[PDB]
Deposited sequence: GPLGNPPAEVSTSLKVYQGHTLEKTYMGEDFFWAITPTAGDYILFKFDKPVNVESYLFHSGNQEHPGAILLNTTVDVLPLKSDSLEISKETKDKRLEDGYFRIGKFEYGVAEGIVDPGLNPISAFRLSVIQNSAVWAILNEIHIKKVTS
């Protein structure tokens, strides 16, 4: 499973599809018409040495119900230059982005351990998106 975390979001829960249940692998999450400034937040119970991440949106039957113009940000516990240029003014590093509804990648190990993952919606969208896979892989 995923590292134990408190999860939260500015997107209103639709018909009991809680983000908690999605982070526990039980159900999907409806993200209805995301707006610029919306966020999805995963705050790990303890800092996590993260190897890689995978977020999937859309599904069979609803293949268009994907997250658009959303980034993947990580908040290191502590405060390469290539990764340095990805720093945002709030301390997060903007390391990933959704495309075709999928965001996947590696964490620069210089960032570890991570205290939070944040998905940031950058632009308005008319889609009723389905976030159906959240995978954060610990380092071994």
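Gaps in the coordinates relative to the deposited sequence fall at 1 to 3, 83 to 87, 149.
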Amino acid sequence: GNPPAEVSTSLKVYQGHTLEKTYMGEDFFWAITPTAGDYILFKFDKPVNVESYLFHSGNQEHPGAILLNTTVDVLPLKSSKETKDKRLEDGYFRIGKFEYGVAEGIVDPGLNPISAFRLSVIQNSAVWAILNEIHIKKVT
From here on, numbers count along this sequence of modelled residues.
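As the entry records it, the average C-alpha temperature factor is higher for 60 to 68, out of 60 to 68 and 45 to 53. 109 to 117 and 82 to 90 differ in mean CA B-factor, and the higher of the two is recorded for 82 to 90.
Among all modelled residues in this chain, the alpha-carbon of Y39 has a temperature factor (C-alpha) in the lowest third.
When all modelled residues of the chain are sorted by CA temperature factor, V7 is found within the lowest third. Sort the modelled residues of the chain by CA B factor and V102 lands in the highest third. In the PDB entry, a CA B factor belonging to the middle third of its chain's modelled residues is recorded for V127.
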